[PDB]
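This document opens with one chain alone, in structure tokens, the form deposited in one PDB entry.
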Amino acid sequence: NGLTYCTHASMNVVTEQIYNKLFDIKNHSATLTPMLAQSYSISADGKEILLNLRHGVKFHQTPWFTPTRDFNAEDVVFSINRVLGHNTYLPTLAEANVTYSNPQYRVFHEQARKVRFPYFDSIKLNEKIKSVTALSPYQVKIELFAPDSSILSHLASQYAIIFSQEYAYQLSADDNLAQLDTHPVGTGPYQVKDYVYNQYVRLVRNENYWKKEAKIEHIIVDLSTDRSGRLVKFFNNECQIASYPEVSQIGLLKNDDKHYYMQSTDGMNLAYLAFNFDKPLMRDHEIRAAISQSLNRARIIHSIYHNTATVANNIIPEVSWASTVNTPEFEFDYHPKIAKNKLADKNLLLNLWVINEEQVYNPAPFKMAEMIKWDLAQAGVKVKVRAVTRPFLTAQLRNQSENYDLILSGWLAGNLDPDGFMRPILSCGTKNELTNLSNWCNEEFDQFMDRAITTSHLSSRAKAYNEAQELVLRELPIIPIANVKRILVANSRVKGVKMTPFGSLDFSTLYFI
């Protein structure tokens, strides 16, 4: 039996199937599922973590690698040192075909990742973790600079995959470490058979997997097409699952014989409008409140996302474990009469910048910007919409009247922890980095956030994130707009489909009826 998956990744959906991590995320829970780490404990001072490693775990036996030992603490030490930046030949992230033995690179490669891909760089794992050492072949010690109860969240995310130190040694000695990411060796339930870049990956079941064996032996991840093309293939049965489809075309493209279902999950993402506090008028709370009240966020959500999203009246996404502190109402929601009364008199002329990129939190940012512009017109505010790139946001402007008053963007993360969701976008530490578009600095907010990582006690973290969120919703440095669902379609014959909040799925639980 074989299944073809047409994927949006074209998030690496592949790397989650061939590599394991120390822990996995369980949905809506702060409790981590032990995976390659079977248990842990935290020292009294919160600065030392002991990881007890699982025994009997094998790396893949592939055409390019025969392992002579089981997974152990050297694999963990090697992997976590790579992602803390400390491997000097290898990118911090598994990529493929990019390697550093080059003068004008790594400085360039990491700078462009940081400007283009700010999600990973926002983690600052090398500012949190001081060292990783083997205490024995099945125990690892992680030493922190300071207590941070969000650290394990990161070790359960896509970046914290576990590679083979033995493979990486065999490669170094044959100076060929470029092949680490081209010919993968993992512990996961699938292994790579072959691939053609931008076309397909073929995966084959790992017959020596340490946990429940995968049910489908052969999977092909098709990367060869665009978003509309995935449904064209789906309905011509060239794939049995297609992720992130364009739902507005299902009606045109479906054929009336195919049995299929749509499945969706709440996502760890948020589309928002940020106010620039470098602008004196935007520092006026009465103007922020009134602008928020002009916007019919309900209508915007319906028009832009066609029932694949939910209005965000909170900063913390519903899928977080922390969402127990969310409340359904928003003080500054749609109230066009009050908005007009406050604003029309000021004769405001505002600059609304829109980052020109495609992210799952917003499929049509310029369309949304026109609707925002229109709603603000009804309250007596004129808006100029401008397209900007992230490099352009690094530039400084002579005329500060050319600079943005409002900017349309969003945020996403690869785990459920509020720390790595709200800190990058709203903390004083990031005020001069690209993640804090508000250029906002509130010390009381940073104190709630710093408090939330000093303790591991669930109800205590929750209490701190409740204070932090109420403060953000009162001060309005940003206006929350939408949390966007992750969506796929599958053949009715396919079961065991479980889409994660980060846009991936576990291939190993799929089966045909």
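All residue numbers are counted from 1 along the displayed sequence. Definition used throughout: the rigid core is the maximal C-alpha set that superposes within 1.5 Å between two forms.
If you look for the form deposited in another entry, you will not find it shown, but the lines that follow are about it.
For the residues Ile241, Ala413, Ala168, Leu203, superposed on the rigid core between the shown form and the other one, a C-alpha shift of 2 angstroms or more shows up only at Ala413.
After superposition on the rigid core, displacement of the C-alpha of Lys463 between the shown form and the other one amounts to 2 Å or more. Relative to the superposed core, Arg297 shifts its CA atom by 2 Å or more between the shown form and the other one. In this overlay on the rigid core, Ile250 has a C-alpha that sits 2 Å or more away from its partner position between the shown form and the other one.
Panel note: the distance between the CA atoms of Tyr197 and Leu253 is larger in the other entry than in this form, the difference being 3 Å or more. Distance between the C-alpha atoms of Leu223 and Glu357: shorter in the other entry than here (change of 3 Å or more).
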